[PDB]
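To start, the structure under review is shown below, and the notes come after it.
For reference, positions follow the sequence shown, starting with 1. These values consider heavy atoms only, across backbone and side chains, with no hydrogens, waters or symmetry-generated copies.
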Amino acid sequence: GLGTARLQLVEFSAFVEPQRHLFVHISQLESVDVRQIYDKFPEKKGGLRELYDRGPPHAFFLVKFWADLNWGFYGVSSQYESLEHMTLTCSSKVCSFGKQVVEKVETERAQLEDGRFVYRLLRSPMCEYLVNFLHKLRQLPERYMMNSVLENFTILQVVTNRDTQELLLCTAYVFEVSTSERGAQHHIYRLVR
Ligand SMILES: O=C(O)c1ccccc1Nc1cccc(C(F)(F)F)c1
């Protein structure tokens, strides 16, 4: 599972609507050495290397997506849950060739449902930089070219307890493209050193 004692990812998805199309989808464990990816994110140092030093290390995950790009409103939907009532800050950074080019900061209040608290961030509009980027990527004539382009782009999500500023979840994403026959796919990994 992608999660800690305090906070779990229930569902994640990114999509376009005119019946929607999902680029990637997680509905709800191998490891990887964070040193192998230090370079994919800034040495900002709000990038990965510094965050990991201050831990906790069990809070840090890597997701590799093989996206489905064969298909307007662009959106992202996240759902988390916990047994504690919290307020969350969710920070998402896009990084391109080592440099942070987007930062999006959102908060969500716990909601009571079925004996647990859920934190629903639903249909957030995907930022414009990403929509435009996806429209170009969609044009490329060959899957191997898309992957070459995508090798230089990563996303980092940082979820903290807003009232204590404790990190609860830190997730790095990296991306390739799948063929239409093989649909979207993901693999989740703990990060270690
Ligand atoms: O959608 C935005 O505006 C977004 C902005 C900054 C950082 C991440 C963002 N969204 C996001 C976050 C995680 C994964 C994906 C996607 F999977 F769509 F690429 C998109």
Would you say [X]'s side chain and [Y]'s backbone share a donor-acceptor pair under 3.5 angstrom?
X: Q111; Y: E108; value: no
X: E50; Y: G47; value: no
X: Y52; Y: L191; value: yes
X: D68; Y: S180; value: no
X: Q36; Y: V32; value: no
X: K40; Y: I155; value: no
X: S13; Y: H25; value: no
X: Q28; Y: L2; value: yes
X: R190; Y: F61; value: no

Side chains of [X] and [Y], heavy atoms from C-beta outward: is any pair under 4.5 Å?
X: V101; Y: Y129; answer: yes
X: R193; Y: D33; answer: yes
X: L169; Y: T160; answer: no
X: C90; Y: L121; answer: yes
X: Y189; Y: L29; answer: no
X: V10; Y: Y119; answer: no
X: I26; Y: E11; answer: no
X: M145; Y: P141; answer: yes

task = Can you establish whether the number of heavy atoms outside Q165 located under 6.0 Å from its atom CD is more than 12?
result = no
query = Does CZ in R54 sit with more than 12 non-hydrogen atoms of other residues, nucleotides or ligands closer than 6.0 Å?
reply = yes
With rounding to the nearest 0.5 Å, note down the distance linking [atom1] in [X] to [atom2] in [Y].
X: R120; Y: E81; atom1: CZ; atom2: CD; value: 9.5 Å
X: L69; Y: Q139; atom1: CG; atom2: CD; value: 12.0 Å
X: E166; Y: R6; atom1: CD; atom2: CZ; value: 4.5 Å
X: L62; Y: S31; atom1: CG; atom2: OG; value: 9.5 Å

key: Test of ring centre spacing under 6.0 Å for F133 and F153   =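 Yes, they do, as the ring centres are separated by less than 6.0 Å.
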query = Taking the six-membered ring for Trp, is the centroid-to-centroid distance between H21 and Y74 below 6.0 Å?
reply =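 Aromatic pair excluded; centres sit 6.0 Å or further apart.
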ask   = When the ring planes of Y173 and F175 are compared, do they come out parallel, tilted or perpendicular, using 30° and 60° as the limits?
value =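 Parallel, since the angle between the ring planes stays under 30°.
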query = For the residue pair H187 and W66, does the interplanar ring angle fall in the parallel (under 30°), tilted (30 to 60°) or perpendicular (over 60°) class?
reply =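 It falls in the perpendicular class, over 60°.
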request  = Identify the two heavy atoms, one from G115 and one from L83, that lie closest to each other, and give their separation to 0.1 Å.
outcome  =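 In this case the closest contact between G115 and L83 is O-CD2, 3.9 Å.
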Smallest separation among heavy atoms of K93 and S91, with atom names =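 Result for this residue pair: NZ-OG, 3.3 Å.
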message = I want to check a possible cation-pi pair here: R20 against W71, using under 6.0 Å from ring centre and within 45° of the ring axis as the test.
response = no
request  = Check the side chains of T89 and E106 for a donor-acceptor pair under 3.5 angstrom, ignoring hydrogens and angles.
outcome  =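 The criterion, which ignores hydrogens and geometry beyond distance, is not satisfied for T89 and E106.
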inquiry  = Does either side chain, that of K104 or that of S124, offer a donor lying less than 3.5 Å from an acceptor on the other one?
reply    = yes
